[PDB]
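Structure 1 and structure 2, given next as structure tokens, are two forms of the same protein chain, each shown alone.
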Structure 1
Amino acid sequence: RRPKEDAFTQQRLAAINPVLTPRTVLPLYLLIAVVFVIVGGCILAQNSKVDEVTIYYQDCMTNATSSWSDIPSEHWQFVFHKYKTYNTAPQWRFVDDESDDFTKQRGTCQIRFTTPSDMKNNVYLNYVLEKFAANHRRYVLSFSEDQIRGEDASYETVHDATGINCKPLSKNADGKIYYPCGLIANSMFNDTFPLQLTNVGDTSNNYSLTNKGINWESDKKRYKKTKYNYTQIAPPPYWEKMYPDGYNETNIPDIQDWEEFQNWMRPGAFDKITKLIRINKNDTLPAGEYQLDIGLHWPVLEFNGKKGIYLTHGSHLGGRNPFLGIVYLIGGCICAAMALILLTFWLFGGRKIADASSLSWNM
């Protein structure tokens, strides 16, 4: 018969009509401006006191000498807030390796840098890569979520799977299933990093860098130890220098307790890849000169790509990036400027708020 009631069947809900009167806009454009400038300065000040050491060593094999020599100013970038003019050009030294027959990348780059300040109790040494394309469509889908999960997936489950499957690197010419399959695991950054920052001045106390805990612990709930039988799997086409005899009863890598692999199996979204490779969560890194021994294996000059180390204590908003503070300050300043312009319009020429004589029919 008759309709219902209560203020819902009839659109009579308890509402709030937001009339943007100048007595509510200005208390909003200012409450937003001061908040976005307070956080705009709090972030930019927190970001300013962030030490950072970037050292690109992609040109260490063909531009460094057997003796110590300063790194060209185009590679390294030091940013210490306590020392704004701390050039202190770090040195490097390339010791070749005639045993290794990989001419494109071999030997060892020893980089001696000098930090004039400490890094509080949590030092991250990532490796940065440039001009390495790890975000392409065929690449990022080139892995098997069955081998990562620890299953001994056959060639059908590994190759004939859904969009996420190792299409170009499913099986070798012999007939084995690459255990870490796909362009992702195959193309892994294999430059070996030291487990301790060699102290140049006082070699009695070396700053130890562990490789455990460099990835999320939850990742160990997804990357599980394999269940293969070393008779069906072969190293990826580029892991054949790490496993020249293929696989046997022992040398099968445990991807659960191999956090560099789990870091690399997370493809970098952009053209610059920066993945954590060494961490120190116990000791503050004291000021002084330190040497890092990187075993050059991963070639980058073939595609003009760059590779380097990135040492930092970090921050709460990540590393040192003058964007969040800058954009917060710009947002606050824009809010304040537009509010001043609105106050000018309301003062230097405008209507009464509820001006009934300004309606189109009252003209």
Structure 2
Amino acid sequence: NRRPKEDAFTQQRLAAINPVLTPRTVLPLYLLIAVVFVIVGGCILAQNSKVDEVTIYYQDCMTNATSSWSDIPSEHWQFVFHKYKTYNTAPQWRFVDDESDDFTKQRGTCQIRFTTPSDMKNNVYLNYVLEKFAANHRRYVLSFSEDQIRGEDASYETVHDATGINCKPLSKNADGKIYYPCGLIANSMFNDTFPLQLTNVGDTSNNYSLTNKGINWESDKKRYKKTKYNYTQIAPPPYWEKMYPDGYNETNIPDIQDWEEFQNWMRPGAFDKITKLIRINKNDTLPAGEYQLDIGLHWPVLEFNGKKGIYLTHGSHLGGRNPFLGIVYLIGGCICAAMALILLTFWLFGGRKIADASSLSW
């Protein structure tokens, strides 16, 4: 007949647990969430305070550094060593002008000499820090060619007029050749030639190696693949034309599949601080000692008053020294205990009790 299906879903009677938030259940829950997060707030800062980091900003080598060794001023270097034994000693820095680069806005070689008192563990990450560089703007972050990233010999039409991500201001140059790493992102590539070693000075004179292999994710070689251009239809980007002065040969096209500094730079940073891996050493522990780092200065940052730096770290599983997660899990545990202390001391020593059914309509 015309009778609805009594199947306990049309009857609105399903298997509910139906919680009622009485203080005999929620006050254990606030106690549980608090006592978990002060343990996680304890265990994070037990891991996070032990992280050692070296932050040396070198944007002022070409001005504020002599050819002899002077100390870095207090603003540029930041040292963190939780074994507080050599934390106040300044690193030193010279500048070899080389007189032949003829660019004169950012040239030379800033040689940075720092001293670490504690040995960083077996994974040492050398990052470059860029403050005030604006890698997160609308036209910037959409300026590349995914088909050029995937090694396809893309024509001018598929790099210029592509939907969404396309290399609009930098599709091709004056004489009609497209740019192979076209776009503002690949044009804006952080130049500075970091060394393939940290040359240990004085005490040992055995150089601590730094590889440029393994700098990006290993799975990122599935979208960065070797290009298929015939070397006559491509050109380097207009700010790459000093590292490729005669354009491209038949042999000097960069394989972006194994050129991982490109693969880190083609991942634009989200904020006004860019920190990208450039040199790793997975093999060796870096002992305590005085190291020299020879940065060929080529990437100019002073015209936008921005900082340009170095981040030497063995970051933890959380990555980097950032006290935010430890402070928050403590604040999360200290609020969930204080809100339990409020909702228990207002519950007993004054307040109300669940003793009546005469609280609704009396």
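Rigid core: the largest C-alpha set superposing within 1.5 Å between the two forms. Residues are numbered by position in structure 1's sequence, first residue being 1.
- Of the residues listed here (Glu74, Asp283, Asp202, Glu240), only one shifts its CA by 2 angstroms or more between structure 1 and structure 2 after fitting on the rigid core, and it is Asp202.
- Residue displacement note: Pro18 has its CA displaced by under 2 Å between structure 1 and structure 2 (rigid core superposed).
- The rigid core superposition between structure 1 and structure 2 gives a CA shift for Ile353 of 2.0 Å.
- Aligning the rigid core leaves the CA of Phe8 displaced by 1.4 Å between structure 1 and structure 2.
- Here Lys84 exhibits a Cα shift of 6.3 Å between structure 1 and structure 2, evaluated on the superposed rigid core.
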